[PDB]
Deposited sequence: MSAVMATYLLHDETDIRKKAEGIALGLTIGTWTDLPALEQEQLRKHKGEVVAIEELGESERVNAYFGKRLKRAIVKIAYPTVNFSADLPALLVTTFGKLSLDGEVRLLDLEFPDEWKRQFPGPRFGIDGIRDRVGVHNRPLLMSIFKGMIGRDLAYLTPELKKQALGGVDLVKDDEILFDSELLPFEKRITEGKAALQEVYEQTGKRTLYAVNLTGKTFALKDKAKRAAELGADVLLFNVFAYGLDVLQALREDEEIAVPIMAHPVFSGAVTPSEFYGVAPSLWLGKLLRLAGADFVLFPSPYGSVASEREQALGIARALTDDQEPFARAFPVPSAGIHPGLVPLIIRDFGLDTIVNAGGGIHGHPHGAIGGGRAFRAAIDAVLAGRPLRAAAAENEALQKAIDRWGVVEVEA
């Protein structure tokens, strides 16, 4: 029937008026002066203002724009008969011209179920990922392969093993690691798999490798299919540099079918502003899940309510899709595990680059500390307590501190 879009509007003129204009202008154009007979025939395509909520003016905003700006949250319904069932049409219909209209920020989108049922959602999602790694009662632990730019395969392997030996469940490439002569995509996958197979054989633990899927759009699917045939575990994808629709295409391709980890890189071109853009809960949360991302990384709150909103959209039980793994990233260290579990729960992933490699004992000590921190929180005991009987965790807390959260 209709997709309901929610916006934040900052404007001098009458709000209800602009809202009405939007609902009409972005759909059938004119209405008042059309013959009754013709209105009956176009009724089905007519947009309608669903609701308005004045929020009152803000002295801070007013002072900034040098004028008085009324603020409001306007919800508008756009009949689905007006556009095709794909993300590009959705974005253009709900925020195409509107994004050029001044101070209008897209806050959220609501889809009728039959429409929504036309999108894939995650392929594996949280449960699917937990089954493949065989870890069901604790958040997962992931490290970022730091300092690989300019390095070659021979450097990759020992570095990859070192992180696995620290007890991490996953190791992901750096977001800015692109295909090169030094380290080709297929060889990174193949040798990475062999290196982790060795660590598996040595300790009995299997660590998954999330490899960066880059290059030109129309080369992606063949590259992914190939990765799948070579045994890749997870495909890291910089979705925001290619368009949401590409993520959904990779998702729906039965010849790939490997978990997809979505990186937030470049999403900041769209979300930070207070008056423009699209809210992160929608841009990184709702849409990425709907498109097919199994894991979604986003900036850690260590804005807080913002990060919770994204996780909320990623894991909301109400959606007809599997849940996606929320992964707060940036600055994560063992001392934050208590807050991470408090804020995001068990179905989250502890992701760290500097927190692993930057540990005084190296990557292995880095992983040890994280694993110790996670067990402590789960055991309900203070990290400083467990730290006394665990060297690695102790060094972590001395280096980065800790924020305890009572069991």
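Novice: Counting from residue 1 of the deposited sequence, where are the gaps with no C-alpha coordinates?
Specialist: Coordinates drop out over 1, 304-308.
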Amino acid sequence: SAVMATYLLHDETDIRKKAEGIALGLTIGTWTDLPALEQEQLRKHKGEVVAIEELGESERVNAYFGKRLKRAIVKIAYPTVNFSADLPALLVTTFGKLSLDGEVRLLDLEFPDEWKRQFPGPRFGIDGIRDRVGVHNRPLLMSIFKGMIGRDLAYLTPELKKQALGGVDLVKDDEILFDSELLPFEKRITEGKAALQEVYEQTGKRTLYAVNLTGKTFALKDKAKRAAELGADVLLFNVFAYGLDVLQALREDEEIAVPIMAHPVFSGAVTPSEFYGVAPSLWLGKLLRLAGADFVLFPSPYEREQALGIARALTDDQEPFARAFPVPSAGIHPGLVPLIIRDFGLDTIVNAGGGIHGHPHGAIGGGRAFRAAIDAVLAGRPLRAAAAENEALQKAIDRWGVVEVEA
From here on, numbers count along this sequence of modelled residues.
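Novice: Going by the average Cα B-factor in the PDB entry, point out whether 95-103 or 160-168 comes out higher.
Specialist: So the stretch with the higher mean C-alpha B-factor is 95-103.
Novice: Mean C-alpha B-factor higher for 330-338, or for 191-199?
Specialist: Higher of the two, by average CA B-factor, is 330-338.
Novice: Say you rank 372, 352, 364, 50 by Cα B-factor from the PDB entry; which sits at the top?
Specialist: Among 372, 352, 364, 50, the PDB entry lists the largest C-alpha B-factor for 50.
Novice: Sort 294, 181, 86, 174 by C-alpha B-factor from the entry and give me just the highest.
Specialist: Among 294, 181, 86, 174, the highest C-alpha B-factor in the entry belongs to 181.
Novice: Splitting the chain's C-alpha B-factors into thirds, which one does residue 143 fall into?
Specialist: CA B-factor rank for residue 143: lowest third.
Novice: Ranking every modelled residue in this chain by its Cα temperature factor as given in the entry, which third contains residue 368?
Specialist: For residue 368, the deposited C-alpha B-factor lands in the lowest third.
Novice: According to the PDB entry, is the CA B factor of residue 186 in the bottom, middle or top third of its chain, that is, lowest, middle or highest?
Specialist: Answer is middle: the recorded C-alpha B-factor places it there.
Novice: Where does the C-alpha B-factor of residue 71 rank in its chain, lowest, middle or highest third?
Specialist: Highest third, going by the recorded CA B-factors of the chain.
Novice: Please say which third, lowest, middle or highest, residue 212 falls into when its CA temperature factor is compared across its chain.
Specialist: It falls in the bottom third of the chain.
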